[PDB]
Every structure is written in structure tokens, then in C-alpha cells.
K.L.:
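Handing you a structure now.
Positions are given from 1 along the sequence.
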Amino acid sequence: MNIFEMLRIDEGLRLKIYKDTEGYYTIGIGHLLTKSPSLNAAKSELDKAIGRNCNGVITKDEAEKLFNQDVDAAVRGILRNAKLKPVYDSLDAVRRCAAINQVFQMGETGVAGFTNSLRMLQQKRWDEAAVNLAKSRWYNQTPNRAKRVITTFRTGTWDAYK
Ligand SMILES: N#CCNc1ccccc1
């Protein structure tokens with residue numbers, strides 16, 4: 001297991017434009033296209049991202065290319081964030097994957113506001129952090145995925161990803 005395999009499990013792979021859990025146009029391995037309700041706007045974003053006229057469909061290679069860009073950008077963002085970086089750097093590699101996963105799903109701003117969870121994680125108070133992480137819209141809206149990510153934070157193992 002690694003961050004790519006983990007997010008591939010949590011996000012799936014779809015080659016045609018679909019709506020994510022929040023109802024937003026998305027493609028590939030959880031690549032958000034736009035929050036606009038206009039499918040044409042999503043198609044425009046897709047074509048811009050891939051560099052050709054896709055008419056709403058991409059290849060597996062293209063999906064994987066976006067995925068690599070998205071994972072890379074998620075990490076680089078964490079490292080640029082004054083609140084997230086010290087916590088991320090305090091973690092072991094497995095828990096770092098859980099951090100990347102959450103930012104990939106939620107975006108960096110939302111996570112940066114998890115002030116109490118962040119403090120507990122930096123303190124390595126793992127059970128307490130796990131309890132705090134679940135007191136969230138995140139957990140309530142996507143509980144099965146959040147449970148996997150939280151178990152990863154709690155244990156520093158890949159047990160939740162079989
Ligand atoms: N809070 C929380 C868990 N997620 C996270 C995300 C980025 C850095 C450190 C932790």
C-alpha cells in the first residue's frame with residue numbers, strides 16, 4: 001500500500017465525467033473539474049486539463065496523469081501551509097498518507113481549520129485525535145471513507161485498506 005493505491009481505492013476510476021459525492025463534475029481518480037452546475041463548463045475544464053477536445057471522456061493513462069499531478073499538488077500545498085506543514089512533518093510515512101488523502105478529498109483550507117485534531121496529531125495522542133476527527137461534517141457525509149482514513153491516523157498501519 002502507498003498513497004496512490006490508497007486514493008485509488010477511496011476515489012475509484014471513472015473515464016467519463018461523473019458527479020462526486022458533493023454533486024460536482026469530476027473525472028478519473030477524483031479529479032474535480034468544477035463546482036459549476038453547467039456540464040459545458042466541466043467539459044471546458046476537462047479539455048484544458050488534458051490539452052485536447054475530450055468531449056467528456058479520457059483514457060486510463062490520462063486519468064493517471066491527472067492523478068499524479070493532483071497527489072503531487074496536494075503534498076506541495078501541505079508543505080506550503082504554515083498550519084499543516086509542522087503537523088505533516090511530525091508524522092510517520094503511513095500517517096502522512098492519511099493526511100494527503102484528507103487534503104485530496106477536502107482541500108487544504110478546510111483541513112487547516114481542524115485545529116484541535118491537528119494539535120492532537122502533532123502530540124501523537126492518536127486515540128484522542130481519532131475521536132476528534134470523527135466530530136466533523138467530513139465523517140458524517142463520507143463515513144466509510146473517513147473511518148478508513150481515521151483508522152490510518154489512529155494506528156499508523158494500513159489495516160483499513162486490506
Ligand atoms: N487534522 C487532520 C488530519 N489531516 C492532516 C492534513 C494535513 C496535515 C496534517 C494532518
Side-chain angles (χ1 to χ4, degrees), residues 1-15 17-34 36-59 61-82 84-115 117-118 121-122 129 133 136-139 141-142 144-146 148-153 156 158 160-161:
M1 193 58 56
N2 59 54
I3 186 57
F4 292 89
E5 291 171 344
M6 189 202 198
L7 276 164
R8 170 64 182 81
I9 285 162
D10 287 335
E11 298 290 352
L13 169 64
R14 304 185 76 182
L15 298 182
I17 294 177
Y18 64 98
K19 289 180 180 183
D20 70 12
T21 65
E22 296 291 341
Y24 299 134
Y25 292 121
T26 300
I27 200 161
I29 306 169
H31 182 82
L32 175 68
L33 291 163
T34 182
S36 167
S38 182
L39 179 60
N40 288 334
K43 285 175 169 178
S44 183
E45 291 302 305
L46 179 59
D47 292 353
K48 175 162 59 81
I50 302 296
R52 65 181 182 85
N53 200 119
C54 295
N55 196 39
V57 187
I58 64 177
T59 67
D61 285 0
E62 287 167 344
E64 288 171 345
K65 186 172 189 168
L66 296 184
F67 187 38
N68 202 155
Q69 293 178 170
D70 293 343
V71 171
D72 199 13
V75 181
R76 293 305 289 276
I78 288 164
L79 298 180
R80 266 183 263 114
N81 189 300
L84 300 179
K85 182 184 167 62
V87 184
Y88 181 85
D89 281 350
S90 80
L91 300 171
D92 57 276
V94 178
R95 294 187 173 90
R96 283 181 184 166
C97 291
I100 297 164
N101 190 308
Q102 193 188 23
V103 169
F104 189 100
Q105 182 186 0
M106 296 191 75
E108 176 187 305
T109 61
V111 183
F114 269 54
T115 304
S117 276
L118 287 164
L121 288 169
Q122 196 173 354
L133 283 162
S136 62
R137 180 182 186 275
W138 172 57
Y139 179 95
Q141 302 301 130
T142 53
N144 289 338
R145 182 197 182 151
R148 289 193 289 276
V149 174
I150 291 169
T151 290
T152 310
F153 276 125
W158 290 113
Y161 290 86

K.L.:
So, are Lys85 and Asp89 salt-bridged, with charged N and O less than 4.0 Å apart?
P.N.:
yes

K.L.:
Going by heavy atoms in the side chains, are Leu46 and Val57 under 4.5 Å from each other?
P.N.:
no

K.L.:
Just how far is it from atom CG of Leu33 to atom CG of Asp47, taken to the nearest 0.5 Å?
P.N.:
9.5 Å

K.L.:
Which pair of non-hydrogen atoms, one from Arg52 and one from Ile58, has the smallest distance, and what is that distance?
P.N.:
NH2-CA, 3.9 Å

K.L.:
Distance from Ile100 atom CD1 to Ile3 atom CD1, nearest 0.5 Å?
P.N.:
4.5 Å

K.L.:
Which residues pass the side-chain contact (heavy atoms from CB on, under 4.5 Å) test with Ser44, not counting sequence neighbours?
P.N.:
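Partners of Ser44 under the side-chain contact (heavy atoms from CB on, under 4.5 Å) test: none.
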
K.L.:
Regarding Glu45 and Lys48, does a basic nitrogen lie under 4.0 Å from an acidic carboxylate oxygen?
P.N.:
yes

K.L.:
With the side chain counted from C-beta on, respond yes when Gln141 and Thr21 share a heavy-atom pair under 4.5 Å apart, and no when they do not.
P.N.:
no

K.L.:
What pair of heavy atoms forms the shortest contact from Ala160 to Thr152, and how long is it?
P.N.:
CB-OG1, 4.5 Å

K.L.:
What's the shortest heavy-atom distance between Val149 and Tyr161, and which atoms?
P.N.:
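Minimum heavy-atom contact is CG2-OH, 3.5 Å.
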
K.L.:
Under 3.5 Å, is there a donor-acceptor pair linking the side chains of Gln105 and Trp138?
P.N.:
yes

K.L.:
Is the backbone of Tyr24 close enough, under 3.5 Å, to the side chain of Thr26 for a donor and an acceptor to pair up by distance?
P.N.:
yes

K.L.:
At their closest point, which heavy atom of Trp158 faces which heavy atom of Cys97, and how far apart are they?
P.N.:
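Between these two residues, the closest heavy atoms are CH2-CB, 3.5 Å.
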
K.L.:
Would you name the heavy atoms of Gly110 and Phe114 that are closest together and state the gap between them?
P.N.:
O-CD1, 3.4 Å

K.L.:
How long is the span from the CG atom in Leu15 to the CG atom in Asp61, to the nearest 0.5 Å?
P.N.:
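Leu15 CG to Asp61 CG: 10.0 Å, rounded to 0.5 Å.
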
K.L.:
Check whether any side-chain heavy atom of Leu39 lies under 4.5 Å from a side-chain heavy atom of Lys43, and answer yes or no.
P.N.:
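Touching, per the 4.5 Å side-chain cut-off.
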
K.L.:
Output yes when a side-chain donor or acceptor of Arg96 lies under 3.5 Å from a complementary backbone atom of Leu91, and no otherwise.
P.N.:
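Present.
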
K.L.:
Could you walk me through whether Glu108 and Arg76 pass the salt bridge (charged side-chain N to carboxylate O under 4.0 Å, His left out) check?
P.N.:
CA-CA 11 Å; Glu108 176 187 305; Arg76 293 305 289 276; over 6 Å; no

K.L.:
Might you work through the side chain to side chain contact (heavy atoms under 4.5 Å, CB included) test for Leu118 and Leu84, ending with a clear yes or no?
P.N.:
CA-CA 8 Å; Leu118 287 164; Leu84 300 179; 3.7 Å; yes

K.L.:
Could you tell me which non-hydrogen atom of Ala112 sits nearest to which non-hydrogen atom of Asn81, and how far apart they are?
P.N.:
CB-ND2, 3.8 Å

K.L.:
Nearest 0.5 Å, what's the CG-CZ distance between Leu121 and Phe153?
P.N.:
5.5 Å

K.L.:
Look up atom CZ in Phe104 and atom NE2 in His31, then write down how far apart they are to the nearest 0.5 Å.
P.N.:
9.0 Å

K.L.:
From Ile27 CD1 over to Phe67 CZ, what is the distance, rounded to the nearest 0.5 angstrom?
P.N.:
15.0 Å

K.L.:
In the structure I gave you, are the side-chain heavy atoms of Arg148 and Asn101 within less than 4.5 Å of one another anywhere?
P.N.:
no

K.L.:
Might you work through the side chain to side chain contact (heavy atoms under 4.5 Å, CB included) test for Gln69 and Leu66, ending with a clear yes or no?
P.N.:
CA-CA 5 Å; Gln69 293 178 170; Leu66 296 184; 3.9 Å; yes

K.L.:
Is the shortest side-chain N to carboxylate O distance from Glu11 to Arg145 below 4.0 Å?
P.N.:
yes

